[PDB]
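Next comes work-v6.cif, a file with mmCIF, N, CA and C atoms.
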```cif
data_coords
#
loop_
_atom_site.label_atom_id
_atom_site.label_comp_id
_atom_site.auth_asym_id
_atom_site.auth_seq_id
_atom_site.Cartn_x
_atom_site.Cartn_y
_atom_site.Cartn_z
N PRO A 1 -125.09 17.75 -13.23
CA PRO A 1 -124.67 16.99 -12.06
C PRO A 1 -123.38 16.23 -12.33
N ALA A 2 -122.72 15.82 -11.24
CA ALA A 2 -121.47 15.08 -11.36
C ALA A 2 -121.70 13.71 -11.97
N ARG A 3 -122.91 13.16 -11.80
CA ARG A 3 -123.21 11.85 -12.37
C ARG A 3 -123.12 11.86 -13.88
N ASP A 4 -123.61 12.92 -14.52
CA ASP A 4 -123.52 13.02 -15.97
C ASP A 4 -122.06 13.15 -16.41
N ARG A 5 -121.77 12.60 -17.59
CA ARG A 5 -120.41 12.61 -18.10
C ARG A 5 -120.00 13.97 -18.65
N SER A 6 -120.94 14.88 -18.87
CA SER A 6 -120.59 16.21 -19.36
C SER A 6 -119.90 17.05 -18.30
N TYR A 7 -119.90 16.61 -17.04
CA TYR A 7 -119.25 17.37 -15.98
C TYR A 7 -117.76 17.50 -16.23
N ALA A 8 -117.09 16.36 -16.45
CA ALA A 8 -115.65 16.39 -16.69
C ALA A 8 -115.31 17.11 -17.99
N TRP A 9 -116.11 16.89 -19.03
CA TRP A 9 -115.86 17.55 -20.31
C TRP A 9 -115.97 19.06 -20.17
N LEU A 10 -117.01 19.54 -19.49
CA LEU A 10 -117.18 20.97 -19.29
C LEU A 10 -116.06 21.55 -18.45
N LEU A 11 -115.63 20.83 -17.42
CA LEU A 11 -114.54 21.33 -16.59
C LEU A 11 -113.23 21.41 -17.37
N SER A 12 -112.95 20.41 -18.20
CA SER A 12 -111.75 20.47 -19.03
C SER A 12 -111.83 21.61 -20.04
N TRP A 13 -113.00 21.80 -20.64
CA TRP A 13 -113.17 22.91 -21.57
C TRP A 13 -112.97 24.24 -20.87
N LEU A 14 -113.46 24.36 -19.64
CA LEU A 14 -113.26 25.58 -18.87
C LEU A 14 -111.78 25.82 -18.58
N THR A 15 -111.08 24.78 -18.12
CA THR A 15 -109.67 24.95 -17.79
C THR A 15 -108.82 25.19 -19.03
N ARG A 16 -109.33 24.84 -20.22
CA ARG A 16 -108.61 25.20 -21.44
C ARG A 16 -108.92 26.63 -21.87
N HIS A 17 -110.21 26.99 -21.88
CA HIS A 17 -110.61 28.31 -22.35
C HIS A 17 -110.04 29.41 -21.47
N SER A 18 -110.11 29.22 -20.15
CA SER A 18 -109.59 30.21 -19.20
C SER A 18 -108.25 29.69 -18.69
N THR A 19 -107.19 30.02 -19.42
CA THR A 19 -105.86 29.52 -19.05
C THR A 19 -105.41 30.08 -17.71
N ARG A 20 -105.67 31.36 -17.45
CA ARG A 20 -105.22 32.01 -16.23
C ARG A 20 -106.36 32.02 -15.21
N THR A 21 -106.58 30.86 -14.60
CA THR A 21 -107.55 30.72 -13.52
C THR A 21 -106.79 30.70 -12.20
N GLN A 22 -106.94 31.77 -11.41
CA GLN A 22 -106.21 31.86 -10.15
C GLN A 22 -106.63 30.77 -9.18
N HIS A 23 -107.91 30.41 -9.19
CA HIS A 23 -108.44 29.38 -8.31
C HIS A 23 -108.68 28.11 -9.11
N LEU A 24 -108.08 27.01 -8.67
CA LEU A 24 -108.19 25.76 -9.40
C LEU A 24 -107.87 24.61 -8.46
N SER A 25 -108.26 23.41 -8.88
CA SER A 25 -107.97 22.18 -8.17
C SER A 25 -107.13 21.29 -9.07
N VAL A 26 -106.68 20.16 -8.53
CA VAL A 26 -105.80 19.26 -9.25
C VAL A 26 -106.40 17.86 -9.27
N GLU A 27 -106.29 17.21 -10.42
CA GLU A 27 -106.70 15.82 -10.59
C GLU A 27 -105.51 15.05 -11.13
N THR A 28 -105.09 14.02 -10.40
CA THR A 28 -103.90 13.25 -10.74
C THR A 28 -104.30 11.92 -11.34
N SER A 29 -103.78 11.62 -12.52
CA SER A 29 -103.98 10.33 -13.16
C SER A 29 -102.75 9.47 -12.90
N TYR A 30 -102.88 8.50 -12.00
CA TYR A 30 -101.78 7.64 -11.61
C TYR A 30 -102.11 6.21 -12.00
N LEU A 31 -101.21 5.56 -12.73
CA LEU A 31 -101.41 4.18 -13.15
C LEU A 31 -100.07 3.46 -13.09
N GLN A 32 -100.01 2.42 -12.26
CA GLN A 32 -98.82 1.59 -12.13
C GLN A 32 -99.01 0.37 -13.03
N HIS A 33 -98.40 0.43 -14.21
CA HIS A 33 -98.47 -0.69 -15.14
C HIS A 33 -97.68 -1.87 -14.60
N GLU A 34 -97.94 -3.05 -15.16
CA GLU A 34 -97.16 -4.23 -14.81
C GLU A 34 -95.69 -3.99 -15.12
N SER A 35 -94.82 -4.74 -14.44
CA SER A 35 -93.37 -4.59 -14.45
C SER A 35 -92.94 -3.31 -13.75
N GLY A 36 -93.78 -2.74 -12.89
CA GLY A 36 -93.42 -1.58 -12.11
C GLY A 36 -93.19 -0.32 -12.91
N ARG A 37 -94.05 -0.06 -13.89
CA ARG A 37 -93.99 1.16 -14.69
C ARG A 37 -95.07 2.11 -14.19
N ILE A 38 -94.67 3.27 -13.71
CA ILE A 38 -95.58 4.23 -13.10
C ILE A 38 -95.79 5.39 -14.07
N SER A 39 -97.04 5.68 -14.39
CA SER A 39 -97.41 6.79 -15.27
C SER A 39 -98.21 7.80 -14.46
N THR A 40 -97.75 9.05 -14.47
CA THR A 40 -98.40 10.12 -13.72
C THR A 40 -98.60 11.33 -14.62
N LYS A 41 -99.71 12.03 -14.39
CA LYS A 41 -100.02 13.24 -15.14
C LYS A 41 -100.98 14.09 -14.32
N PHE A 42 -100.68 15.38 -14.24
CA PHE A 42 -101.50 16.32 -13.49
C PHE A 42 -102.46 17.03 -14.42
N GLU A 43 -103.76 16.85 -14.18
CA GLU A 43 -104.80 17.58 -14.88
C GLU A 43 -105.39 18.59 -13.92
N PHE A 44 -105.37 19.86 -14.31
CA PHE A 44 -105.82 20.94 -13.44
C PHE A 44 -107.26 21.31 -13.77
N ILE A 45 -108.06 21.48 -12.72
CA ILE A 45 -109.50 21.66 -12.86
C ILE A 45 -109.93 22.86 -12.04
N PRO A 46 -110.97 23.56 -12.49
CA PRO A 46 -111.46 24.70 -11.71
C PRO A 46 -111.89 24.29 -10.31
N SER A 47 -111.54 25.13 -9.35
CA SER A 47 -111.82 24.88 -7.94
C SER A 47 -113.28 25.17 -7.63
N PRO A 48 -113.82 24.55 -6.58
CA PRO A 48 -115.20 24.87 -6.18
C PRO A 48 -115.33 26.34 -5.80
N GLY A 49 -116.48 26.92 -6.14
CA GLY A 49 -116.75 28.31 -5.88
C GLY A 49 -117.38 28.96 -7.09
N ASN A 50 -117.07 30.24 -7.27
CA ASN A 50 -117.60 31.03 -8.37
C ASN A 50 -116.47 31.42 -9.31
N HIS A 51 -116.69 31.24 -10.61
CA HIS A 51 -115.75 31.66 -11.63
C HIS A 51 -116.50 32.40 -12.73
N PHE A 52 -115.79 33.32 -13.38
CA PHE A 52 -116.35 34.13 -14.45
C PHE A 52 -115.52 33.95 -15.71
N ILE A 53 -116.20 33.71 -16.83
CA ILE A 53 -115.56 33.51 -18.11
C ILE A 53 -116.20 34.45 -19.13
N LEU B 1 -96.72 -22.16 -29.55
CA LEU B 1 -95.72 -21.10 -29.58
C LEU B 1 -96.29 -19.82 -30.17
N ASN B 2 -97.05 -19.94 -31.27
CA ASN B 2 -97.66 -18.76 -31.87
C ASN B 2 -98.65 -18.10 -30.92
N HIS B 3 -99.46 -18.90 -30.23
CA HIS B 3 -100.41 -18.34 -29.28
C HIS B 3 -99.70 -17.62 -28.14
N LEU B 4 -98.64 -18.22 -27.60
CA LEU B 4 -97.91 -17.59 -26.51
C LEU B 4 -97.24 -16.30 -26.97
N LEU B 5 -96.65 -16.31 -28.17
CA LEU B 5 -95.99 -15.12 -28.69
C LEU B 5 -96.99 -14.02 -29.05
N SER B 6 -98.22 -14.39 -29.38
CA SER B 6 -99.23 -13.40 -29.74
C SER B 6 -99.90 -12.77 -28.52
N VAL B 7 -99.94 -13.48 -27.40
CA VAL B 7 -100.62 -13.00 -26.21
C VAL B 7 -99.63 -12.43 -25.19
N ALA B 8 -98.42 -12.10 -25.62
CA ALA B 8 -97.42 -11.57 -24.71
C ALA B 8 -97.89 -10.25 -24.11
N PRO B 9 -97.59 -9.98 -22.84
CA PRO B 9 -98.06 -8.74 -22.22
C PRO B 9 -97.46 -7.52 -22.89
N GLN B 10 -98.21 -6.42 -22.83
CA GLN B 10 -97.76 -5.17 -23.41
C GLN B 10 -96.57 -4.62 -22.64
N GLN B 11 -95.72 -3.87 -23.36
CA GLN B 11 -94.51 -3.28 -22.79
C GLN B 11 -93.62 -4.34 -22.14
N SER B 12 -93.56 -5.51 -22.76
CA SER B 12 -92.82 -6.64 -22.22
C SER B 12 -91.94 -7.25 -23.30
N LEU B 13 -90.74 -7.65 -22.90
CA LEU B 13 -89.82 -8.33 -23.80
C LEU B 13 -90.02 -9.84 -23.72
N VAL B 14 -89.73 -10.51 -24.83
CA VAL B 14 -89.82 -11.97 -24.91
C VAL B 14 -88.44 -12.51 -25.27
N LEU B 15 -87.98 -13.50 -24.52
CA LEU B 15 -86.68 -14.10 -24.72
C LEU B 15 -86.85 -15.59 -25.01
N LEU B 16 -86.25 -16.05 -26.10
CA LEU B 16 -86.32 -17.44 -26.52
C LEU B 16 -84.89 -17.96 -26.66
N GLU B 17 -84.39 -18.59 -25.61
CA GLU B 17 -83.04 -19.13 -25.61
C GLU B 17 -83.02 -20.54 -26.18
N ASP B 18 -81.80 -21.03 -26.43
CA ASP B 18 -81.58 -22.36 -27.01
C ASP B 18 -82.32 -22.52 -28.33
N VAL B 19 -82.29 -21.47 -29.16
CA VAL B 19 -83.01 -21.48 -30.43
C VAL B 19 -82.42 -22.51 -31.38
N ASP B 20 -81.18 -22.94 -31.13
CA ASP B 20 -80.54 -23.91 -32.02
C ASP B 20 -81.22 -25.27 -31.94
N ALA B 21 -81.72 -25.64 -30.76
CA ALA B 21 -82.27 -26.98 -30.56
C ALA B 21 -83.49 -27.22 -31.44
N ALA B 22 -84.45 -26.30 -31.41
CA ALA B 22 -85.66 -26.46 -32.22
C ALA B 22 -85.33 -26.41 -33.70
N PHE B 23 -84.44 -25.51 -34.10
CA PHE B 23 -84.07 -25.40 -35.51
C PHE B 23 -83.33 -26.64 -35.98
N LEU B 24 -82.49 -27.22 -35.12
CA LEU B 24 -81.76 -28.43 -35.49
C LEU B 24 -82.71 -29.59 -35.76
N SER B 25 -83.73 -29.75 -34.92
CA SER B 25 -84.69 -30.83 -35.08
C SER B 25 -85.56 -30.62 -36.32
N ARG B 26 -94.79 -31.23 -31.99
CA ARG B 26 -94.20 -30.39 -30.96
C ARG B 26 -93.03 -29.58 -31.52
N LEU B 27 -91.87 -30.22 -31.61
CA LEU B 27 -90.68 -29.55 -32.11
C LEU B 27 -90.81 -29.27 -33.61
N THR B 28 -90.24 -28.14 -34.02
CA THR B 28 -90.26 -27.75 -35.42
C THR B 28 -89.09 -26.81 -35.68
N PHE B 29 -88.68 -26.74 -36.95
CA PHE B 29 -87.60 -25.86 -37.37
C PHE B 29 -88.11 -24.66 -38.16
N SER B 30 -88.96 -24.89 -39.16
CA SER B 30 -89.55 -23.80 -39.93
C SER B 30 -90.86 -23.30 -39.33
N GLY B 31 -91.51 -24.11 -38.50
CA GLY B 31 -92.76 -23.67 -37.89
C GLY B 31 -92.57 -22.46 -37.00
N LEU B 32 -91.48 -22.43 -36.24
CA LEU B 32 -91.23 -21.29 -35.35
C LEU B 32 -91.01 -20.01 -36.15
N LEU B 33 -90.25 -20.07 -37.24
CA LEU B 33 -90.01 -18.87 -38.03
C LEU B 33 -91.27 -18.45 -38.78
N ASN B 34 -92.09 -19.42 -39.19
CA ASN B 34 -93.38 -19.07 -39.79
C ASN B 34 -94.29 -18.38 -38.78
N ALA B 35 -94.29 -18.87 -37.53
CA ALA B 35 -95.11 -18.26 -36.49
C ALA B 35 -94.60 -16.86 -36.15
N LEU B 36 -93.28 -16.66 -36.20
CA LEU B 36 -92.72 -15.35 -35.90
C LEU B 36 -93.22 -14.30 -36.89
N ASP B 37 -93.26 -14.64 -38.17
CA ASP B 37 -93.73 -13.71 -39.19
C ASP B 37 -95.23 -13.49 -39.14
N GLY B 38 -95.97 -14.28 -38.37
CA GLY B 38 -97.40 -14.08 -38.28
C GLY B 38 -97.76 -12.73 -37.69
#
```

Whole structure given in structure tokens:
Amino acid sequence: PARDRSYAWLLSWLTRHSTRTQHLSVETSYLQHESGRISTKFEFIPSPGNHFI
Amino acid sequence: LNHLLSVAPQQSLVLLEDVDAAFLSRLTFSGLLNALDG
């Protein structure tokens, strides 16, 4: 389930093991530090549906 | 001074102007440099 913390770990492991995943979603890590410093990074995650590995 | 210099925010610069006044003379001359090396 999404409540368990293994969800994100398994999804990251999937997106690493299967580099060429035609179907995927995006997770953006955005953090505006003090003094107006903006840090952004795109983490790509498998899209909802069926995937084969 | 040591507490303020130790708790400075991350990714932030600290500016200490008029450094001559404290060194010439709460106030201290060697205390500030000792605190800096802490």

So which bits of chain A end up strand (DSSP E) when you DSSP the backbone, as JSON, numbers by chain? {"A": [24, 25, 26, 27, 28, 29, 30, 31, 32, 33, 37, 38, 39, 40, 41, 42, 43, 44, 45, 46]}

For the structure shown, which residues end up in the PyMOL selection byres (((chain A and resi 32-43 and name CA) around 10) and name CA)? Put them as a PyMOL selection string, please? (chain A and resi 12+15+25-31+44-45) or (chain B and resi 9-12)

Taking N, CA and C atoms for each residue, export the selection above as a PDB file, in the coordinates of the input.
```pdb
ATOM      1  N   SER A  12    -112.950  20.410 -18.200  1.00  0.00           N
ATOM      2  CA  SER A  12    -111.750  20.470 -19.030  1.00  0.00           C
ATOM      3  C   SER A  12    -111.830  21.610 -20.040  1.00  0.00           C
ATOM      4  N   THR A  15    -111.080  24.780 -18.120  1.00  0.00           N
ATOM      5  CA  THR A  15    -109.670  24.950 -17.790  1.00  0.00           C
ATOM      6  C   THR A  15    -108.820  25.190 -19.030  1.00  0.00           C
ATOM      7  N   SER A  25    -108.260  23.410  -8.880  1.00  0.00           N
ATOM      8  CA  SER A  25    -107.970  22.180  -8.170  1.00  0.00           C
ATOM      9  C   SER A  25    -107.130  21.290  -9.070  1.00  0.00           C
ATOM     10  N   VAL A  26    -106.680  20.160  -8.530  1.00  0.00           N
ATOM     11  CA  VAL A  26    -105.800  19.260  -9.250  1.00  0.00           C
ATOM     12  C   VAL A  26    -106.400  17.860  -9.270  1.00  0.00           C
ATOM     13  N   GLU A  27    -106.290  17.210 -10.420  1.00  0.00           N
ATOM     14  CA  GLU A  27    -106.700  15.820 -10.590  1.00  0.00           C
ATOM     15  C   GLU A  27    -105.510  15.050 -11.130  1.00  0.00           C
ATOM     16  N   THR A  28    -105.090  14.020 -10.400  1.00  0.00           N
ATOM     17  CA  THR A  28    -103.900  13.250 -10.740  1.00  0.00           C
ATOM     18  C   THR A  28    -104.300  11.920 -11.340  1.00  0.00           C
ATOM     19  N   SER A  29    -103.780  11.620 -12.520  1.00  0.00           N
ATOM     20  CA  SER A  29    -103.980  10.330 -13.160  1.00  0.00           C
ATOM     21  C   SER A  29    -102.750   9.470 -12.900  1.00  0.00           C
ATOM     22  N   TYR A  30    -102.880   8.500 -12.000  1.00  0.00           N
ATOM     23  CA  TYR A  30    -101.780   7.640 -11.610  1.00  0.00           C
ATOM     24  C   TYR A  30    -102.110   6.210 -12.000  1.00  0.00           C
ATOM     25  N   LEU A  31    -101.210   5.560 -12.730  1.00  0.00           N
ATOM     26  CA  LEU A  31    -101.410   4.180 -13.150  1.00  0.00           C
ATOM     27  C   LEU A  31    -100.070   3.460 -13.090  1.00  0.00           C
ATOM     28  N   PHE A  44    -105.370  19.860 -14.310  1.00  0.00           N
ATOM     29  CA  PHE A  44    -105.820  20.940 -13.440  1.00  0.00           C
ATOM     30  C   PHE A  44    -107.260  21.310 -13.770  1.00  0.00           C
ATOM     31  N   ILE A  45    -108.060  21.480 -12.720  1.00  0.00           N
ATOM     32  CA  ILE A  45    -109.500  21.660 -12.860  1.00  0.00           C
ATOM     33  C   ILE A  45    -109.930  22.860 -12.040  1.00  0.00           C
TER      34      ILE A  45
ATOM     35  N   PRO B   9     -97.590  -9.980 -22.840  1.00  0.00           N
ATOM     36  CA  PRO B   9     -98.060  -8.740 -22.220  1.00  0.00           C
ATOM     37  C   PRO B   9     -97.460  -7.520 -22.890  1.00  0.00           C
ATOM     38  N   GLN B  10     -98.210  -6.420 -22.830  1.00  0.00           N
ATOM     39  CA  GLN B  10     -97.760  -5.170 -23.410  1.00  0.00           C
ATOM     40  C   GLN B  10     -96.570  -4.620 -22.640  1.00  0.00           C
ATOM     41  N   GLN B  11     -95.720  -3.870 -23.360  1.00  0.00           N
ATOM     42  CA  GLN B  11     -94.510  -3.280 -22.790  1.00  0.00           C
ATOM     43  C   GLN B  11     -93.620  -4.340 -22.140  1.00  0.00           C
ATOM     44  N   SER B  12     -93.560  -5.510 -22.760  1.00  0.00           N
ATOM     45  CA  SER B  12     -92.820  -6.640 -22.220  1.00  0.00           C
ATOM     46  C   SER B  12     -91.940  -7.250 -23.300  1.00  0.00           C
TER      47      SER B  12
END
```

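CA of residue 4 in chain A is positioned 24.6 Å from atom N of residue 21 in chain A.
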
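The space between atom N of residue 4 in chain B and atom C of residue 25 in chain B spans 20.0 Å.
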
Nearest-residue call for chain A, choices B:6, B:32, B:1, B:13, using only C-alpha atoms: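 The shortest atom-to-atom distance to chain A comes from B:13.
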
I would like the residues chosen by the PyMOL selection byres (((chain A and resi 47 and name CA) around 8) and name CA) on the shown file; could you give them as a count of residues only? 7

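Atom N of residue 20 in chain A is positioned 26.7 Å from CA of residue 3 in chain A.
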
Based on the backbone DSSP call, show me all residues of chain B assigned helix (DSSP H, G or I), as a PyMOL selection string. chain B and resi 2-6+19-24+30-36

Would you write out those residues with N, CA and C atoms, as a PDB file, keeping the file's coordinate frame?
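And here is the file that came out, result-v4.pdb:
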```
ATOM      1  N   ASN B   2     -97.050 -19.940 -31.270  1.00  0.00           N
ATOM      2  CA  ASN B   2     -97.660 -18.760 -31.870  1.00  0.00           C
ATOM      3  C   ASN B   2     -98.650 -18.100 -30.920  1.00  0.00           C
ATOM      4  N   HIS B   3     -99.460 -18.900 -30.230  1.00  0.00           N
ATOM      5  CA  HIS B   3    -100.410 -18.340 -29.280  1.00  0.00           C
ATOM      6  C   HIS B   3     -99.700 -17.620 -28.140  1.00  0.00           C
ATOM      7  N   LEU B   4     -98.640 -18.220 -27.600  1.00  0.00           N
ATOM      8  CA  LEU B   4     -97.910 -17.590 -26.510  1.00  0.00           C
ATOM      9  C   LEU B   4     -97.240 -16.300 -26.970  1.00  0.00           C
ATOM     10  N   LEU B   5     -96.650 -16.310 -28.170  1.00  0.00           N
ATOM     11  CA  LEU B   5     -95.990 -15.120 -28.690  1.00  0.00           C
ATOM     12  C   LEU B   5     -96.990 -14.020 -29.050  1.00  0.00           C
ATOM     13  N   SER B   6     -98.220 -14.390 -29.380  1.00  0.00           N
ATOM     14  CA  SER B   6     -99.230 -13.400 -29.740  1.00  0.00           C
ATOM     15  C   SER B   6     -99.900 -12.770 -28.520  1.00  0.00           C
ATOM     16  N   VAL B  19     -82.290 -21.470 -29.160  1.00  0.00           N
ATOM     17  CA  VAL B  19     -83.010 -21.480 -30.430  1.00  0.00           C
ATOM     18  C   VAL B  19     -82.420 -22.510 -31.380  1.00  0.00           C
ATOM     19  N   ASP B  20     -81.180 -22.940 -31.130  1.00  0.00           N
ATOM     20  CA  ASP B  20     -80.540 -23.910 -32.020  1.00  0.00           C
ATOM     21  C   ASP B  20     -81.220 -25.270 -31.940  1.00  0.00           C
ATOM     22  N   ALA B  21     -81.720 -25.640 -30.760  1.00  0.00           N
ATOM     23  CA  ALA B  21     -82.270 -26.980 -30.560  1.00  0.00           C
ATOM     24  C   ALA B  21     -83.490 -27.220 -31.440  1.00  0.00           C
ATOM     25  N   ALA B  22     -84.450 -26.300 -31.410  1.00  0.00           N
ATOM     26  CA  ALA B  22     -85.660 -26.460 -32.220  1.00  0.00           C
ATOM     27  C   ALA B  22     -85.330 -26.410 -33.700  1.00  0.00           C
ATOM     28  N   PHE B  23     -84.440 -25.510 -34.100  1.00  0.00           N
ATOM     29  CA  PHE B  23     -84.070 -25.400 -35.510  1.00  0.00           C
ATOM     30  C   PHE B  23     -83.330 -26.640 -35.980  1.00  0.00           C
ATOM     31  N   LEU B  24     -82.490 -27.220 -35.120  1.00  0.00           N
ATOM     32  CA  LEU B  24     -81.760 -28.430 -35.490  1.00  0.00           C
ATOM     33  C   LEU B  24     -82.710 -29.590 -35.760  1.00  0.00           C
ATOM     34  N   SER B  30     -88.960 -24.890 -39.160  1.00  0.00           N
ATOM     35  CA  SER B  30     -89.550 -23.800 -39.930  1.00  0.00           C
ATOM     36  C   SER B  30     -90.860 -23.300 -39.330  1.00  0.00           C
ATOM     37  N   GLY B  31     -91.510 -24.110 -38.500  1.00  0.00           N
ATOM     38  CA  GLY B  31     -92.760 -23.670 -37.890  1.00  0.00           C
ATOM     39  C   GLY B  31     -92.570 -22.460 -37.000  1.00  0.00           C
ATOM     40  N   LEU B  32     -91.480 -22.430 -36.240  1.00  0.00           N
ATOM     41  CA  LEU B  32     -91.230 -21.290 -35.350  1.00  0.00           C
ATOM     42  C   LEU B  32     -91.010 -20.010 -36.150  1.00  0.00           C
ATOM     43  N   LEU B  33     -90.250 -20.070 -37.240  1.00  0.00           N
ATOM     44  CA  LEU B  33     -90.010 -18.870 -38.030  1.00  0.00           C
ATOM     45  C   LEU B  33     -91.270 -18.450 -38.780  1.00  0.00           C
ATOM     46  N   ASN B  34     -92.090 -19.420 -39.190  1.00  0.00           N
ATOM     47  CA  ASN B  34     -93.380 -19.070 -39.790  1.00  0.00           C
ATOM     48  C   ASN B  34     -94.290 -18.380 -38.780  1.00  0.00           C
ATOM     49  N   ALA B  35     -94.290 -18.870 -37.530  1.00  0.00           N
ATOM     50  CA  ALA B  35     -95.110 -18.260 -36.490  1.00  0.00           C
ATOM     51  C   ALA B  35     -94.600 -16.860 -36.150  1.00  0.00           C
ATOM     52  N   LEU B  36     -93.280 -16.660 -36.200  1.00  0.00           N
ATOM     53  CA  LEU B  36     -92.720 -15.350 -35.900  1.00  0.00           C
ATOM     54  C   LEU B  36     -93.220 -14.300 -36.890  1.00  0.00           C
TER      55      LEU B  36
END
```

Box time for range 17-20 of chain A: axis-aligned, enclosing all its listed atoms, 5 Å extra on each side; report centre and edge lengths in Å to one decimal, as AutoDock Vina command-line options.
```
--center_x -107.9 --center_y 29.5 --center_z -18.8 --size_x 15.4 --size_y 15.0 --size_z 17.1
```
